[PDB]
Amino acid sequence: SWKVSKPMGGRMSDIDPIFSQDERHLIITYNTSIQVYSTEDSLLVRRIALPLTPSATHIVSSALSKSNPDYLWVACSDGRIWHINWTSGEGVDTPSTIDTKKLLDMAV
Amino acid sequence: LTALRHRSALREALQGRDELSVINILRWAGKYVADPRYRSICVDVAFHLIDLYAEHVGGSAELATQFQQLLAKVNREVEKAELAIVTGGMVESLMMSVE
Amino acid sequence: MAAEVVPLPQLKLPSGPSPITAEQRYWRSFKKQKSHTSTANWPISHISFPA
Amino acid sequence: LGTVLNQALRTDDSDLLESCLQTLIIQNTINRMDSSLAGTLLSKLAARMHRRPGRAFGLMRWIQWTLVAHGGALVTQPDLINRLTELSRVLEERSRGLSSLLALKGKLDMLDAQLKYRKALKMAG
Amino acid sequence: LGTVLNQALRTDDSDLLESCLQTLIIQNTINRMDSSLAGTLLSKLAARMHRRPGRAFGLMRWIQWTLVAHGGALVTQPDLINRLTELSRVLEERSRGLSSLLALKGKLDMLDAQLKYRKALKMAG
Amino acid sequence: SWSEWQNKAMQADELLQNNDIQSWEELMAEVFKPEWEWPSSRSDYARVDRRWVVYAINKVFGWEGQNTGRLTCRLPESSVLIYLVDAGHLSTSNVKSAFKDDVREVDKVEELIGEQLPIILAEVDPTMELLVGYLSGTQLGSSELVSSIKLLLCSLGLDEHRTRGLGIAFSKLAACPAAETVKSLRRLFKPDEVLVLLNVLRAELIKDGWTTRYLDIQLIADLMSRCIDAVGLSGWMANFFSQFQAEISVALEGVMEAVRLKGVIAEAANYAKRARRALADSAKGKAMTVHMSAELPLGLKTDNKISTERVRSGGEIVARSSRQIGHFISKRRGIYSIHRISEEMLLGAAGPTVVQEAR
Amino acid sequence: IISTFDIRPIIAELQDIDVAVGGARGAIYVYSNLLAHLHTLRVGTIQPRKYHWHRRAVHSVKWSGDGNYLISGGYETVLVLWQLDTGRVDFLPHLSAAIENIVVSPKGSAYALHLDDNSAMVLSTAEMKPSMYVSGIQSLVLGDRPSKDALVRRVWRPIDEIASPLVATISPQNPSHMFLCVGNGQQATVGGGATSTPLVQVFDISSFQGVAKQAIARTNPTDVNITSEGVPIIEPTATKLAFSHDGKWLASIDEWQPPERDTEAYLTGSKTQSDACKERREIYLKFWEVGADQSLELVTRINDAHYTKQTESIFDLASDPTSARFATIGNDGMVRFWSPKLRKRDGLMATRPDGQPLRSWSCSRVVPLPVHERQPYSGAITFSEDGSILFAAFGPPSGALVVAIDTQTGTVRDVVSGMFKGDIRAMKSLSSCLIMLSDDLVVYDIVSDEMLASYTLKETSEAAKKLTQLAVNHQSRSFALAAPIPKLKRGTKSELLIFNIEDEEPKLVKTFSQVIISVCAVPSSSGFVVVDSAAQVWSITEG
Amino acid sequence: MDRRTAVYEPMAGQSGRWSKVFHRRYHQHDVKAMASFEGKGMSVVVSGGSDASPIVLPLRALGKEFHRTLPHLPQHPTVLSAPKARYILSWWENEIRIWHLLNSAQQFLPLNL
RNA sequence: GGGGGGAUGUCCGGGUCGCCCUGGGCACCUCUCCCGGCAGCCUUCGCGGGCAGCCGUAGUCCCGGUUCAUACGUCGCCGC
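Residues numbered from 1 in each chain as written, not as in the entry; some residues may be left out. Chains lettered and ligands numbered in written order. Part of a larger assembly, values for the part shown. Heavy atoms only, no water. Residues with missing side-chain atoms left out of burial classes, pairs and counts.

## Details of the overall build of chain F
Here's step 1: Secondary structure assignment for chain F yields 17 helices and 4 strands.
Here's step 2: Its C-alpha atoms give chain F a radius of gyration of 34 Å, clearly above 21 Å, the size a compact globule of 359 residues would have.
Here's step 3: With respect to the principal axes defined by its C-alpha atoms, chain F has extents near 100 × 65 × 45 Å.
Here's step 4: A burial count over chain F gives 44% of its 359 residues as buried.
Here's step 5: For chain F, the accessible surface area stands at approximately 18,900 Å², while carbon and sulfur atoms represent 51% of it.
Here's step 6: Separation between the mean location of the 44 positive side-chain charges and that of the 47 negative ones in chain F comes to 14 Å. (Helix = DSSP H or I, 4+ residues; strand = E, 2+ residues; numbered from the N terminus. Rg over C-alpha atoms; globule rule 2.2 N^0.38 Å. Buried < 20%, exposed > 50% of the residue type's maximum accessible area, 1.4 Å probe, protein only. Areas by Shrake-Rupley, 256 points an atom, 1.4 Å probe, with all protein chains shown as cover. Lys, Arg positive; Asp, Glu negative; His and termini not counted. Charge placed at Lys NZ, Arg CZ, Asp CG, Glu CD.)

Okay, structure coming up:
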């Protein structure tokens, strides 16, 4: 009879909130969400949710694909790596396991 | 003084004084321990002063009077604080016979 | 958002149950007093001004 | 000073009240006082109570004997309870420090008395 | 009465201590007293303190001047702290009623003073 | 659970109409968890359901419908009743829940129950051990408390149970607040019984000894206050009050110079204790500034041991270095000092012998 | 000890690198030419330049573009800029909270701060105003990365901990807004040992953006965040905050006590430092007007609400859902009803300079409570949904009792007892029943005077015991409580139970991956919102 | 004059550009003078302040070895004693001060010193 | 702080009278584990667990007996 909505909001994680090319969007990585804001008006233009599920797993790091923009490498505590693209949501449902005891950092 | 008690530094404000300065702070505490609007802050600085400058009360005598004259008002503050609650029950009496 | 520097706000202490009200400070703010004696100490009968 | 107090109370004087009250005769005054004047009297003493808290030794005695003599006047004059309770919390502000000031008197009195001991040794030294 | 107090303290007398203490000379005694005798003295007064709590007016003065004169004796004589703290809670039993007995004095004093008012009216009636 | 308990209650009504109080007592025994053997701890009573409690209360007590009912003992001799009193379920809220039906139009229900219940218990037992059990177990109102004090005073004014219950009632009524206590005390008492009660409390005071000379509390002050201004002027309107206030003034003088010397002896005790630590350390040879003479040092101060931990910037803690400890020790040392070294020191075993100029 | 570090390339070939390691002692080391010092057995000596300004651990250090400026930010809430060509510093001193993360745009113009109080700002350089601002929910968070300054054994080691439930109300007449208590930062809040939350922020529920922020207690963002000793200063915490019925009035309470390591000098006999703190407790009760710009304005501040020989704590307050009146119950034993009136001393009303009359809240009624002490009490209150009757649970250990008092008149209409196994935690009132929770939970009707629902909860730790709480909907007759599944640490699981009023079957049971901190009920419609410590918010609803 | 000594090194890259490596309070009063030396395998700089105590610092290994505060008291003992008369004696600018001791210490093995 | 011991100095009945001891009073050094804190190394995502542990007191080759504090934007005069 009752129903529970999806998690919204969240804590802004300690990974550096990254800029886009041409300085117009700021991509901020929360825990269980990564969302991109338009800077001139301070408004989220996208919110790409990220499912987390194993009790304490967190988004370890994140960055732009330095080969091609509009791609994010995101890496969680257990070894799952996402290759998503902001301005859309292509890649949330398809992570990739790295087969690790525990991931501590990453850098592209 | 209230801000300097809210920040944990009243000891820091008092601990480096000189003789004439500490006579001055005793004098202010003695003058304004009477008012019940700031008796709390006044007795706090009084506690810290007795703790921090009780060793040279024999080395100097002019400070020794001001500690004693702090008593004289404290000995007279308790009496007015005693009588005030005597009337404090005396006014409680009529407020119960009115019903 | 550099929050601006603020001086220490003074304490709004509690007042007793007889505050010097606005009208009291008004009628005590009728401040400068001049005492002009009359001639031969006659009792002043009346004072007036037009409208 | 009965008519004196009576005038100052019903005329809302200040200096005449000072002249008659700032000094037996206290009991005689409160015996010869009248009723709603005693109510306004307690009101004015509450004002003095909060305004300058230096010498209680006269005014608490005045309030005491007033509550004695014309206390039951205020009972059948009962719409003016606010004049009593405006003082009654004023005196509960007056009790605050007795929770801890007594402990300051003890810790401080020995510093007095140790001087007193070295001063009672001093004539013989 | 210095040697008198000194004898009674080191011999664990009772009646000689009564004879010298149950009544200036109090300060002279405590000036001429000796040290561990003052410690046993405070112990004995703590006994009297709890046993019959009627007249404090002499013994609190005795304990006062003892802590003045030979207080610092107990400081370098410091294994006997229990003699001080066996009194120090005994006196915190002695403060209990001051939380509420003062309010009883006020409510009761008017019943006295109202009789006093009808008794000060009575000679003139 | 509702239907099962309703059938159990219907079984109890069947047994009530069949009038077999023995088997009814045994079913209530298996409920409460005849012989009816007791545990020897008032706290150590098993949990029981409120519906069974209120049904038992409805079974034992009664009501009179005339715009003002009256509880009566349909079962004045019952281990069920003494269990109820011992487990403390006889509250006004409980009896209201038991008598929800007959009462809803009656006014002043709390006053009526708090004035009627102890009279009922007092006629049940003349020995009033059941009453002292009531005062010791049940949550009580001020009405119930002043009523039980009334019953004890009529009983007295084999000889310690009543005084035990009377002291328990005194502490409970001191805990009870001022307004309801004054109202119910003025309601249920008469000024002469109040004067008798004040004589009882004067006996408590003078037997505790607050006037009878030395070398030859809360609850009592609170109770005397509530009784005195529950009667008020309309009761008394002498030398009785003159001698009474004389003794009260003697007591207050005692307690005021008592708080004086309480502060004094507390500060001297704490200084002697710090002195015990400091004398042990100076005997060991840590070389601090110790007093020696028989008079007090002015500032009641000692030099504690220098801590093994320091404070760095901004807030971290590190272990002290022996170098800095020696620096502070050379600081703490005074102007002139005799520091004798021994052959055991030159061997490396014992310590030195130090006497410094008393600063 | 390495807190953070930023490297910069001396250049499409890579000639050298220059690294800045911000070390948790508060230092910023600059290693100049690492590759040219390590290309060449043997190496020449290297010597890092030391820049020391912060006191605690620096949280972020970054070189700015062309490499002239070494910008940095730590816990002292100040973005410092090391000039690095001269020897000077220049800095933006007064942010909201600790500088948690920074970055520089590809162009050198924009800085971007991630602030510890759930925020981010894009600044334009030498404008130094936030060109872009984003703020979140700012609750208490159990951070996975624990702390950057918990590494070096400070005086008070900051712990990932939750102490108390979040003080949060959903405001009527704008249900999409939510008022809730936040300190300056998360780290600065939980630091020092005690929760220190003297700020209220308003948060939008439809679109989860933090609208605005305001101060309740005294708060100095212009002063030093640490004392001289090294202890983070603790501010007065807003313990209880409940909302009016009109949507326009607000009542708050702040409590504050000095530190036990601070006192040290008031102890005379058997008095401990905790006793000295509990004696020198300061508590204010403040009445605020709420303006439609979500603006809080003071009208009244009482210094001694529940007063006896010393100050006594205040246990709870609640608004009458029909009239503007706040009841408060406290450690004294009495329950006080406050109401608003107009300032009128002698027929001379005092108005705002715009002309509107000043109102002021004062004590309307005083109700002493009955006490039944068998041989450290608490309190709770709740009005009815229809007004005129107030339920007041007084809370000594196991013996604790409820009193239902008329509000038109200070007479007691009812008193029930025997309804608590331990110390009370809280109490609400549905359409006819009282839902109270102590160590056990009891739904109890008062129109039939009977315990409908009883529940024994599983025995758990004291932190979880303080952490359970409930909330009722009042529109659809349904309550819901919140409990963590069994000292508190990071990875815990919690479950909430939405019950209906009538039955014993919980209509929804859901375990949560993180422990929930706040439960609130939107007043305009049915359902609830819930705030979780990994600070995420979501709504539960029927249909 | 902030009793403060700072050490400056060239920045890598551009020429002739200097920057402050590190600073520290070595003395206790204001640092008034200093002179360096580099020879026979010893690279030192000595700084005299107003606290009468010259501090030496290693130069080429600065930050790699501790400094050293030389004694401000003179190298000659400047205290002498006639043990028969129990006289101790010292001297400075134009005065010679003589103390007598009047007793042994076996007697003292508090208020008499 | 406790429990216990091994050994240091002491008087009161003392003992053939000596090594000391029992009964009372005791202050110190040494060992022993439990108390409060810190650290390291493995297992777990964490919660926790395991391992050999140090500190709870004193004076150094020199010496951390250090390092550390919160900006601009505009000043002045008078009134309510």
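## Digging into the overall build of chain D
Here's step 1: Within chain D one finds 8 helices and 0 strands.
Here's step 2: Start at the N end of chain D and walk to the C end: the helices and strands fall as α-α-α-α-α-α-α-α.
Here's step 3: Relative to the 2.2 N^0.38 estimate, which gives 14 Å for 125 residues, the radius of gyration of chain D is 20 Å and therefore markedly larger than a compact globule would have.
Here's step 4: The principal-axis extent of the C-alpha atoms belonging to chain D is close to 65 × 30 × 25 Å.
Here's step 5: Expressed as a percentage of its 125 residues, the buried residues of chain D come to 51%.
Here's step 6: When the accessible surface of chain D is totalled, it reaches about 6,200 Å², and 54% of it is carbon and sulfur.
Here's step 7: Both charge centroids of chain D, one from 18 positive and one from 11 negative side chains, sit 11 Å from each other.

## Examining the sheet that holds strand β15 (residues 199–204) of chain G
Residue and element names in this part refer to chain G.
Here's step 1: Spatial strand order, β13-β14-β15-β16: 4 strands in an open sheet with antiparallel pairing. Each edge of the open sheet carries a strand with a single partner, namely β13 (168–170) and β16 (210–215). Across this sheet, the average inter-strand angle for adjacent strands is 20 degrees, counted without regard to direction.
Here's step 2: In the sheet, β15 pairs with β16 via 5 bridges, with the strands oriented antiparallel. Along β16, the bridge assignment pairs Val 202 with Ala 212. (Pairing = 2+ DSSP bridges. Axes fitted to C-alpha atoms, helices over the stretch in contact; angles between N-to-C directions.)

## Notes on the protein's contact with RNA strand I
Here's step 1: As a structural note, the neighbourhood of RNA strand I is formed by 49 residues, with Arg 312 and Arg 323 of chain F, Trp 53 and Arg 157 of chain G together with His 67 of chain H the closest of them.
Here's step 2: For RNA strand I, the backbone portion of the atoms within 4 Å of the protein, that is sugar and phosphate, comes to 47%.
Here's step 3: Only α16 (322–332) of chain F, β4 (49–52) and β8 (89–92) of chain G together with β2 (18–24) and β6 (68–69) of chain H provide two or more residues apiece to the surface near RNA strand I.
Here's step 4: Here the surface near RNA strand I takes 7 residues from α16 of chain F, the largest share from any one element.
Here's step 5: A per-class count over the surface near RNA strand I returns 11 nonpolar, 17 polar and 21 charged. (Near = heavy atom within 4 Å. Nonpolar A, V, L, I, M, F, W, Y, C, P; charged D, E, K, R; others polar.)

## Digging into the interface of chain H and chain F
Here's step 1: Taken together, the contact pairs 7 residues of chain H with 9 residues of chain F.
Here's step 2: Each partner contributes to the roughly 720 Å² buried at the junction of chain H and chain F, and carbon and sulfur atoms together form 76% of this total.
Here's step 3: By the criterion of area lost to chain F, the three top residues of chain H are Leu 109, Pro 110 and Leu 113 of chain H, representing 58% of everything that side buries.
Here's step 4: Between chain H and chain F we count 0 salt bridges in total.
Here's step 5: The interface formed by chain H and chain F includes 1 residue pair in polar contact. (Contact = heavy atoms within 4.5 Å. Buried area = accessible area lost by both parts, 1.4 Å probe. Salt bridge = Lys/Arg side-chain N within 4 Å of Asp/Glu carboxyl O. Polar contact = N/O pair within 3.5 Å; in protein donor to acceptor, adjacent residues only side chain to side chain.)

## With respect to the sheet that holds strand β31 (residues 440–445) of chain G
All names here are of chain G.
Here's step 1: The strand order across the open sheet formed by 4 strands is β29-β30-β31-β32, and the pairing between neighbours is antiparallel. Of all strands in the sheet, those bounded by a partner on one side alone are β29 (426–429) and β32 (450–456). Each strand axis lies, on average, 15 degrees off the axis of its neighbour in the sheet, ignoring direction.

## Focus on the interface of chain F and chain E
How large an interface is tends to be reported as the accessible area lost when its parts come together.
Here's step 1: If you look at the interface, chain F gives 54 residues, while chain E gives 55 residues.
Here's step 2: Where chain F abuts chain E, roughly 5,100 Å² becomes buried across the two surfaces, and 70% of that area is made up of carbon and sulfur atoms.
Here's step 3: Seen at the junction of chain F and chain E, the total is 1 salt bridge.
Here's step 4: Ionic pairing is found between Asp 216 of chain F and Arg 52 of chain E, a salt bridge with its closest N-O pair at 2.9 Å.
Here's step 5: Across the contact surface, chain F and chain E share 13 residue pairs in polar contact.
Here's step 6: Looking at the side of chain F that touches chain E, the elements that each hand over two or more residues are α13 (218–231), α14 (233–236) and α15 (239–284) of chain F.
Here's step 7: A total of 27 residues in the side of chain F that touches chain E trace back to one element, the largest contributor, which is α15 of chain F.
Here's step 8: In terms of residue class, the side of chain F that touches chain E is built from 33 nonpolar, 9 polar and 12 charged.

## Some remarks on the nonpolar core
Here's step 1: Judged by nonpolar contacts, the single largest core of 94 residues is most densely connected at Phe 32, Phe 61, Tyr 134 and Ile 228 of chain F.
Here's step 2: Broken down by element, the residue count for this core peaks at 8 residues, all from α13 of chain F.
Here's step 3: Sequence-distant contacts of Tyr 134 of chain F, that is, excluding residues within four places in its chain, are made with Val 85, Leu 90, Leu 117, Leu 121, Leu 140 and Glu 144 of chain F.
Here's step 4: Formed by 46 residues, the second largest nonpolar core is a distinct cluster that contains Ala 56, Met 60 and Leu 67 of chain E together with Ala 275 of chain F. (Core = buried A, V, L, I, M, F, W, Y, C linked by side-chain atoms within 4.5 Å.)

## Thoughts on the environment of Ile 338 of chain F
Here's step 1: Inspection of the secondary structure puts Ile 338 of chain F in strand β3 (residues 337–340).
Here's step 2: Overall, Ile 338 of chain F belongs to the buried group, its relative accessible area being 16%.
Here's step 3: Sequence separation between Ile 338 of chain F and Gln 356 of chain F is 18 residues; the distance between their C-alpha atoms is 6.3 Å.
Here's step 4: In contact with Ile 338 of chain F, other than residues within four places in its own chain, are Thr 353, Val 354 and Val 355 of chain F together with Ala 105, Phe 108 and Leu 113 of chain H.

## Some thoughts on helix α10 (residues 161–175) of chain F
Residue and element names in this part refer to chain F.
Here's step 1: A rise of 1.5 Å per residue sets the reference length of α10, with its 15 residues, at 21 Å; its end C-alpha atoms lie 21 Å apart and thus fit the reference within 8%.
Here's step 2: When we look at burial in α10, the residues that qualify are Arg 162, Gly 165, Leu 166, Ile 168, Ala 169, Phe 170, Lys 172 and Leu 173.
Here's step 3: Turning to α10, the residues buried within the fold contact α8 (129–137), α9 (142–156), α11 (178–188), α12 (191–208) and α13. (Expected span 1.5 Å × (residues − 1).)

## What to know about the arrangement of the chains
Here's step 1: For this structure, the chain pair with the highest number of contacts among 16 pairs of chains in contact is chains E and F.
Here's step 2: There is a clear gap between chain B and chain H: no contact, and 17 Å between their nearest C-alpha atoms.
Here's step 3: Looking at chain D next to chain H, you find no contact at all, with the nearest C-alpha pair sitting 16 Å apart.

## Things to note about a nonpolar patch on the surface
Here's step 1: On the surface, a cluster of nonpolar side chains totalling about 690 Å² of accessible area is made up of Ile 335 and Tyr 336 of chain F together with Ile 88, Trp 92, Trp 99, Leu 101 and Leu 113 of chain H.
Here's step 2: Mapping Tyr 336 of chain F onto the fold places it in the loop between α16 and β3.
Here's step 3: A relative accessible area of 37% means that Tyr 336 of chain F is categorised as partly exposed. (Patch = residues over 30% accessible without salt bridge, like charges linked within 9 Å, V, L, I, M, F, W, Y side chains within 5 Å.)

## Here we look at the pattern of salt bridges
Here's step 1: What the rule picks out here adds up to 43 salt bridges over all chains.
Here's step 2: The closest approach of N and O atoms between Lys 465 of chain G and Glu 459 of chain G, which form a salt bridge, is 3.3 Å.
Here's step 3: Looking at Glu 459 of chain G, the relative accessible area reads 62%, which means it is exposed.
Here's step 4: When the shortest N-O distance is used, the salt bridge between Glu 95 of chain H and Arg 97 of chain H registers 2.8 Å.
Here's step 5: When its relative accessible area of 24% is taken as the criterion, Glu 95 of chain H is described as partly exposed.
Here's step 6: In the salt-bridge network here, residues are joined through shared partners; they are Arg 5 and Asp 44 of chain B together with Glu 279 and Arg 280 of chain G.

## Digging into the packing of aromatic side chains
Here's step 1: Using the criterion set out here, one finds 32 aromatic pairs over all chains in the structure.
Here's step 2: Between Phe 479 of chain G and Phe 499 of chain G, the aromatic rings sit 5.2 Å apart at their centres with planes inclined by 15 degrees, giving stacked as the arrangement.
Here's step 3: With a relative accessible area of 2%, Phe 479 of chain G lands in the buried category.
Here's step 4: Members of the aromatic cluster, connected to one another through ring pairs, are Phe 32, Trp 36, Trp 38, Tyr 45 and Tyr 83 of chain F.
Here's step 5: A cation over an aromatic ring shows up here: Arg 51 of chain F above the ring of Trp 2 of chain F, its NZ or CZ 4.6 Å from the ring centre. (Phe/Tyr/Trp six-rings, centres within 6.5 Å; stacked < 30°, edge-to-face > 60°. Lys NZ or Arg CZ within 6 Å of the ring centre and 35° of its normal.)

## A few points about the environment of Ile 424 of chain G
Here's step 1: Here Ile 424 of chain G is to be found in the loop between β28 (412–416) and β29.
Here's step 2: A sequence separation of 36 residues divides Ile 424 of chain G from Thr 460 of chain G, and the C-alpha atoms of the two residues are 16 Å apart.

## Points about the packing of helix α4 (residues 35–51) of chain E against helix α7 (residues 81–88) of chain E
Residues and elements named next belong to chain E.
Here's step 1: Where α4 meets α7, the closest approach of the two axes is 9 Å, and the angle between their N-to-C directions is 25 degrees. With respect to each other, α4 and α7 are oriented roughly parallel. The hand of the α4/α7 crossing is left-handed. In this structure, α4 uses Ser 36, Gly 39, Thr 40, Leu 42, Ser 43 and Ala 46 to contact α7, whose residues at the interface are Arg 83, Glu 86 and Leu 87.
Here's step 2: Per-class residue counts for the contact of α4 with α7 are 3 nonpolar, 4 polar and 2 charged. (Parallel < 35°, antiparallel > 145°, perpendicular 65-115°, else oblique. Left-handed = near helix turned anticlockwise from the far one by under 90°.)

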